[PDB]
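Quick notes on the structure that follows.
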Amino acid sequence: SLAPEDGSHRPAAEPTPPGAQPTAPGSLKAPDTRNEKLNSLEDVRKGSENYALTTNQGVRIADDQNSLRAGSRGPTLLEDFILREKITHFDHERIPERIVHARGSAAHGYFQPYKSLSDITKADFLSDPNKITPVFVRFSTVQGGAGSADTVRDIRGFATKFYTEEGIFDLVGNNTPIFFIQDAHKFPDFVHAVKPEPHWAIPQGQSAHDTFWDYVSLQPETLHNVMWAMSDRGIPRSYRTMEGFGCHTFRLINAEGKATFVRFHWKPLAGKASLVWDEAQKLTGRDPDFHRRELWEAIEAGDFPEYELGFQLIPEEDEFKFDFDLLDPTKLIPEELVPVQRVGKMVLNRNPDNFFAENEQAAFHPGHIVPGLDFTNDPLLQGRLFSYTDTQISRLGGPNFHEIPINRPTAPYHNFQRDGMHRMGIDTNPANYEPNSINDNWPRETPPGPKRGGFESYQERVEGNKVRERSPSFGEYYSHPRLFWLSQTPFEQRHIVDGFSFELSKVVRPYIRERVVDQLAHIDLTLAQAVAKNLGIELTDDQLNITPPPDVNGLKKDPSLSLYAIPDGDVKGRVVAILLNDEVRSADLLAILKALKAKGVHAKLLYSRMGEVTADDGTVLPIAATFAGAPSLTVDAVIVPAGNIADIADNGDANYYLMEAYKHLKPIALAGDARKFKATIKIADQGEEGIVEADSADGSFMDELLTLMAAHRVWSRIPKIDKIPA
Amino acid sequence: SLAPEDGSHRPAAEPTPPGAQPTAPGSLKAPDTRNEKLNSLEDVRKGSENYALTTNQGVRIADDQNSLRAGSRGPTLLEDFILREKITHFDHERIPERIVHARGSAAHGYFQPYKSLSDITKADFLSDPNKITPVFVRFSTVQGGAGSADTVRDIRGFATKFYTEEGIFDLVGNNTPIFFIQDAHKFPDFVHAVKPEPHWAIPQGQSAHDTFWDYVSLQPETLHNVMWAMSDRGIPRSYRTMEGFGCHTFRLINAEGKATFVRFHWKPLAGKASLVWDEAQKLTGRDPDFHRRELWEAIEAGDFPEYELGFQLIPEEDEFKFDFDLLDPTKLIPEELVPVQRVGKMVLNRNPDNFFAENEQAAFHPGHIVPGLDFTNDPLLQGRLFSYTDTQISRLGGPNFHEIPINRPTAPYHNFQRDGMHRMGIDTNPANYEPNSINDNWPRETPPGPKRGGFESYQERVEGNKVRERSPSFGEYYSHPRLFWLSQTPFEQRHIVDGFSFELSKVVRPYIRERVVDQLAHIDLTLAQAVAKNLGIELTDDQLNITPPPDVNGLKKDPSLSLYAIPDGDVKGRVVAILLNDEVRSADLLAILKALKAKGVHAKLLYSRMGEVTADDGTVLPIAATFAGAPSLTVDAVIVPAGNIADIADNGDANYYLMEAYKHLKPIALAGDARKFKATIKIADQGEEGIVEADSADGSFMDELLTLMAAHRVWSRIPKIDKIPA
Amino acid sequence: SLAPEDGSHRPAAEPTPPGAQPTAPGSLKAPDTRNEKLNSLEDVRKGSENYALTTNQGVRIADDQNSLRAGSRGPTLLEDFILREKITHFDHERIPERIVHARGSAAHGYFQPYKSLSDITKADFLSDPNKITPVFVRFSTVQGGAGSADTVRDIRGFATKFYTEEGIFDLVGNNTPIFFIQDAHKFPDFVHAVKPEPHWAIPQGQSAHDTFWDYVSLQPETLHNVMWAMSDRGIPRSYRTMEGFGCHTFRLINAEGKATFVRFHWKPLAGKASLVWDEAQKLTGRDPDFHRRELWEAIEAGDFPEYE
Amino acid sequence: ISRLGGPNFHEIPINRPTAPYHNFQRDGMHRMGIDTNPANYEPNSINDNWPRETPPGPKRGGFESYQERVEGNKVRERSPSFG
Ligand code: HDE
Ligand code: HDE
Ligand code: HDE
Ligand SMILES: [S]
Ligand SMILES: [S]
Ligand SMILES: [S]
């Protein structure tokens, strides 16, 4: 017995806030959270308590501390089969990482539609509001390895595996509504350009290098998703606070055989929020696991990630009614033109048990559709259909990857396929071919029908010659970048300029920077000039006269493209740093902690050391982390209670905590004599918007703080930080 | 519905004789035959009847006859995910075959001890006659690939996986008591020498080529197993009629920790029986699946293969009591010196459902032992311990091969190993290391003990320097070949001479043949002379004067080494061909079948076409096969009843059937006018021992036939067969 | 020295008739034969005479007869890297065999066109009667595994890899002009039917079983190729004496962009010849390697397989 | 075996010895070397036993292990001197 007698090694099996208890496997943290998929995995879940340690062959091990040797200082013997099994398994633990989206964090949950969608699709999962579909979702970055950092500037993946009664449906989306390239044939060129360069394998998790910008400069189709990546969209606060999109026009197919074009949306019910660049970059160093950690802890805390599934629906007859081609994956469909219709709600409510087994081996692929859905001729989507099945053969070791437990359908599956590496299912069918008489032709084909029918493709008319040719309709590259730019707030536009400027400054060959600047001048002159100024580049008279691209169907902005133009803030699940001193005013802390609790906002009590401090009234205050150990990067706001301020007033880390949080536009609240820290961040006596201050933490001090937090960051402070040395 | 109206597509789920029903997966043929392992495989068995045809993702297929194309004569579309999944699975069906023993046939069964062996071993499966242990046994040849022929001349493997309550114990044996080589380091040399030669990959399933005999002539340690292989041991009639041996001295360890040396044996309860060379070779062409079919059909019929497990036990103080080394795996322990103690019975009573999933993916390894057993320093066994774990990494795709259903222990298995390709187990343990506090150190080590204890190696004393050196005590190569030779009957000796003669005639380089004959002269002059005569070689004066090797501890023979010296026949499960005519004397056939049934001997009714014939009393007789379709090679004896003989009397195939059976020493019975056939095999009017003849098939006629069948073959006929052109 | 004094261990490096000499690797048998592809493989050919025996890491081995143990009757030691490297390579020698056509026999050769075909195709290997194209050809059965018998009744494969100056062109044909099925979606159904049945994995190298004929009886499209398989075409005498076919209509495309439909043929210059069934079936027993042996020994004799 | 896909990892260019290497090992996935040796085993007469073992000695000799003395029982036990 090595566990502590007080049982403090084991986390409570109840929802607890971030940092209160060690984290655990989902079935141990939340044993009563169930769904049909989680239940169906019970056959392979393996426990441990009270069991004897064995080899894989079930042989009990007596000494797991020593190899077998001739004499206690002698050579190890080949007949040590316990040593060799154990080391063999270790020696083969690793499998190939995903070619792209290798870095990803995942969770189980469930989806339910708001109402039946039978008028527009025969998809069984969308047929009845009382139909619950288990999901498994993996969020990811794109470029970096499985051991790269979470808060890089990159697109994010948002993949949802729906375990439906009529088969697996994978909705394999991203956090922007378009992609960099038009045709799947170029995907290796694009990916190679953004990935670490091949001579030296640098840089990790970054597009800020020559080959990416070289490619972008020579392939203007990429400019739209580049605008998105350079904006604060490229640096989300949390997977809970970004949008999701299905990237392509697909089809819905109803029982009557009518096709409707659809683009898929996920709206984050926690709101849209992003970091700022300096914060995101520094955070890759201070906690490269920050998003994986935040997702896991939100789920353990009961702050379940929730998203609303939405559809943009376009009738068959309206295929050609836009300025852009619906099948072009570099074009978005503005919500002002085609609204998103609410469809249903997904809640992620349980972490996995074993990350490797459930997360690393999960296979998602957009060809996994079900009756009631179908594809289109989008030439990016068309190639994806090839890639996601082929790649599993090396990644997951062969064609039986659907038998890896997380991948298994909960719907029945029976067919005539046999064998392959790792074959688990033992087929008893006397036949392995059809048609057969020896088993009366079972399992049998099923006609298409309104429910429970076989899959049949929509009979779309095809007419043309066999060509390798880009549609002329796809040859417009600047209008959507422009629409995106004009839709952003002035502070968002500033962060876009700064992303381009920062990234191009890492491009070693100056001609590439110049070429990119030329492309910016084809989108918007103010943008092009601002980036040019940061790069010491002067636009030519010609570049000054490039006429801007047309409006998109008469639109000059669409506010749904902004993260922040329309408020959607939610504070629940956010976190506040509380900077302790050695004699805190206990009435300030009561008021602070209860107000945060009442709104679902977490707190972490920080100090210059671990252990405890004692408040004015003798209350013993447990310390979560030190100032340097849990930097302001990791919180949404900072509160300093009154008390013995002289304890920390000269602590460099405590001052720096506030400068860093100030620079990154976070709300800061100072009570009583904590107002002496005003001088550290240079705040005028009469105060400033975004700094909450009062004699004490009572009255409106906490409501004012929470109002700031609902608006995420203090954008008005941007001109003030510009000269802060932090 | 494609099945016939009369339901004759489905085999009866009751025991039926060979050829009476189509064969079937074991769980459909014998659904109520159970054991703990067969039951535990229920979670992975998949049926088929009344299920819809789907993709692997659970999506119902409407049309499994066509690819999706643009028009019905148009190009196939990349978006056809149904086609690609189905073709992808097909394209990756195959896994590497085993490096050796790739050709093999397997069945489920059980083992039970005759009494408790706790005085000599604490192995839990041997602790009580009530302890029933599920087994899965795979029989094999050695050289040929998985698609090679069964009735080759080769050593056979006999591998038994014991699913004990204290772990998997694999007893991985062969059908002779020794091996060709002494030290594992030479295994690839020997195996490369026997296998098809590397320039052109010829010959398949044969040792009868230059490189094998080149290696043998240069490595006299091989000569002992070579003698076995060249005897009729190399061509068993049936996996049911051959012996098994564990090849090495292992140890038993009892609760007091006392070690006893042991060699393992399996004694076939159906007795020992082999083919003759001409018959075996021809059989590789008429039915290369003969042994696999014969095993499957024996089990379907209720002729369950039964073997008695036997131990040769040698106290530790008797290590040096013999004039050979106990650790030298080219040496056998004569039963005259150390008798075999009969320990328990294994019965094989159920075929697999899916050959690939259960047989091809099964992994046996002699290092899979349990507490109560242990190894010795046998330097061939020592290197085996390395290879059987290492080879599964490519063959079965990674280190989780124990999770493949057939391989899973039925005993509990828990440890801290994680990940690896196609990981099925989802571990919930917070800890993946020990010692740990976070899971109170579970799963925990277990001290060795009398029952349910951890594995601890027997503390054998090791004293010597680190050397690559063969023990001087291994340096004797001819005494055991000689003892084996002298123990054979005169007809077994002739067949050995013929095996060496035939093989060496296929060796193109004549000096190799000469060098092998030189080695034979070191074993026995009469043998060496007989083979030399067949090769047109004359022994030199030196070779005629080589002193024979010494007896083995005073033994000049041991009849346990002979297949046939001690009567051991069992006719149950054997098969007789009955050559029909278009008007059979029904009273002969009634008697014939009645008597065969009372002894559990099967019959096949043969004619010159399929369909039926009609006997003299109007009995309709269904025909199993033509004369050419089911050759005498596939039966143990031939009966020709009376009736219209003129019908078949000039049938070439009918006459040849008897010539072929006669040549191969099989019992032939002729009734009434069937004695007209004595003419074709040149039998004197007064008769011949081994030919049963009478006016009719009365009671004594069948008794004499069944007596001959108990003695397997008519060895006295050998001098008569030289003159027969067959 | 282990070789005999009279050098009779070494096959004569000159054409010799079947059975006259032991067979040998090609580059030792016929070192004067060459073509562009054979020359290009020289960088990976490894000899052997006069070299020391080494690990794969280039370390010379002193004793390749024993494992390293603690005393000459003691246990084998984990530090024996020479033993583990040699046994690890052996343990992993096998790769998956081909799903179909797993049994086959191959040789190097060359191809030359009789005249330029530039009026009907711009394919460079057909543009000049002086242009010689190295080939590597594999002949095969279809159903059985890599260790199954040659003279089974089955379709035969006839695959030619042309190493052209404008890329590899593979002409992947069979010895009949058609196939059993119409649409590739059914290929795993037909292949599963003809292959060994899934419960017991019987029969090897034979369509003579229930599932094959069940499929045929339910899919009359198969009858045409079934007729060919049931004829003596299904049991050829030699890969040298069978026809080859490209199976499908392909297209030739000339320099002007004109498309012409094309079906490909190989005509055996040694003529057409097949066994009879009783002989072919017994021969699978007496010599399951007869066609592989026959091909190899024909080339060693200078009876080179020729095809138009 | 998993990381580099088989036992021919020494043939991956970076891994290849510059010193000669010849032996009787054959096949494995993505086998690069084409062996011409009539023999793939030793001892052989058909290639006069090449490539051959080499005795140990001062330079260019075969590898032989130092003959360290081993005395002890087969134990899974940590040396007391390590404690
Ligand atoms: C719409 C969102 C989106 C788009 C447009 C693309 N990816 Fe993704 N991707 C793979 C290939 C692939 C291709 C061929 C294309 C355009 C032709 C895209 N991508 C663009 C992949 C290599 O097959 C992939 C890697 C491993 C795998 O299983 O499939 C793959 C990953 C991926 C993910 C991660 C899913 C997960 O396992 O967590 C996501 C969210 C996307 N892609 C989105 C996506
Ligand atoms: C005595 C019974 C016996 C002996 C002495 C040996 N074999 Fe076997 N063999 C493998 C390697 C190996 C070595 C290294 C040695 C002596 C050093 C022996 N053999 C001699 C193997 C390559 O590891 C093997 C191939 C596939 C596999 O999983 O292990 C292997 C197979 C094998 C079988 C087949 C078991 C089965 O899969 O059905 C049998 C019965 C033997 N060996 C017997 C055996
Ligand atoms: C026309 C000659 C012919 C035809 C019509 C087909 N095969 Fe072959 N085959 C493979 C798959 C395949 C499919 C999907 C179809 C129709 C849908 C055919 N076959 C019909 C394969 C599984 O991809 C295959 C196995 C290994 C491989 O590399 O490809 C394959 C083999 C094969 C060969 C063997 C070439 C060789 O290595 O000697 C030949 C001659 C054919 N097929 C001919 C063929
Ligand atoms: S996309
Ligand atoms: S053995
Ligand atoms: S074909």
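So for chain A, numbering is Swiss-Prot's, and the shown residues are 28-753, in order.
Placement of Cβ uses the backbone N, Cα and C atoms for every residue, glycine included.
What Swiss-Prot lists as active site is A:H128 (among others), and the listing cites sequence analysis. Just so you know, the Cβ of A:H128 (active site) picks up 24 other Cβ atoms within 10 Å once every protein chain is counted.
Listed in sequence order, A:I182, A:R183, A:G184, A:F185, A:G271, A:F272, A:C274 are the same-chain residues at least 6 apart in sequence whose CB falls under 8 Å from the CB of A:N201 (active site). For the recorded site, A:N201 (active site), the DSSP three-state label reads strand. According to Swiss-Prot, the feature active site maps to A:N201 (among others).
According to Swiss-Prot, the heme binding site annotation covers A:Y415. A:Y415 (heme binding site) carries a helical DSSP state (H, G or I). For A:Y415 (heme binding site), other Cβ atoms within 10 Å of its Cβ number 17.
Among residues of the same chain six or more beyond the region 'Disordered' (A:459-493), those with a C-beta under 8 A of the stretch's C-beta atoms are 149, 151, 154, 193, 278, 280, 282, 284, 286, 397-398, 401, 404, 441-443, 445. Residues annotated as region 'Disordered' in Swiss-Prot: A:459-493.
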For A:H128 (active site): DSSP state (helix, strand, coil): coil
Secondary structure composition of the region 'Disordered' (A:459-493) [DSSP: H/G/I, E/B, coil]: 0 helix, 2 strand, 33 coil
Alpha-carbon spacing, A:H128 (active site) to A:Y415 (heme binding site), which is rounded to whole Å: 13
